[PDB]
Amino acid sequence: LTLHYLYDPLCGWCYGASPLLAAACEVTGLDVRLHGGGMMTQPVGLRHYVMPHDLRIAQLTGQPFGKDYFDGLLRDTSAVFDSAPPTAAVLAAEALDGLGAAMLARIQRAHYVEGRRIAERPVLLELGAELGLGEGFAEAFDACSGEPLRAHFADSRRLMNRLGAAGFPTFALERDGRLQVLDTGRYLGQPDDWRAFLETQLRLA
C-alpha cells in the first residue's frame, strides 16, 4: 500500500492537512509519496485570496497561524508566493535524507507560523540546516531546482490530471496497482480518524 499525497507548499488547505500527512507517516507498512503540483509557479498585494481561507482552515483543523504571518509576511510587499523553491527544498530533503515530508511540514511552519519567506534560498537552506541537513543541502537544493523540479511538476500534474483532481490537497491510496482517491475533506481535523482509516484499509487488504 502506497499513499500518494498531491500538495503544494503554498496551499492553505494542504497546511490544514499537515496533521493527516504526519499521522499517515506513523502507519506501519504504509509507504507515503509526495507529489508537488507547482500551484504558484504571485507577489504579495494576493492577500485577499488567502487570509479568509486561513482562519476558516484554523477553525476546522486547529492548525495555528502566527502573528508574524498575518501581520508580517502577508503585509510584506516584497514577499513572493512562488511554489517552485519550497518544492525543490522538499525534493532535496527527500533526495539527501528521505526527509521530504518533514521538510514540507517545516516549510509550512516557517510560512504560516513564523512568517518567513519560503521562496528565498537562504530561508530554505536555514530550514534544512535546522533539520540536520546542513552538509549537502545547499548543493542538493541547487541540483533539484533545475530540470528535476520541472520533471517532478510534470509527473505530479499528469497524475493529478489522470485522477480528475481539481487541486490540492489530494490523497490517493495505491493497492496492488490500483489507485483510489480518498475523501480528504471527511478527515480534515481528524488525524486519529485518518490514521485508523489507513490502518483499516491495510487490514481489509
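Residue numbers here begin at 1 and follow the sequence given.
If you count the residues of the deposited sequence that sit between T41 and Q42 but have no coordinates, do you get none, 1 to 3, 4 to 9, or 10 or more?
Gap between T41 and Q42: 4 to 9 residues without coordinates.
Check the residues of the deposited sequence separating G45 from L46 and report how many of them have no coordinates, as none, 1 to 3, 4 to 9, or 10 or more.
Going from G45 to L46, the model skips 1 to 3 residues of the deposited sequence.
Quick check on the record: does 155-163 or 54-62 carry the larger mean Cα temperature factor?
If you average the C-alpha B-factors of 54-62 and of 155-163, the larger mean comes out for 54-62.
Quick check on the record: does 69-77 or 125-133 carry the larger mean Cα temperature factor?
Higher mean C-alpha B-factor: 69-77.
Determine which member of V32, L149, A140, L179 has the highest CA B-factor, using the values in the deposited entry.
Highest C-alpha B-factor among the listed options: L179.
Record-listed C-alpha B factor of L1: chain third:
Highest third, going by the recorded CA B-factors of the chain.
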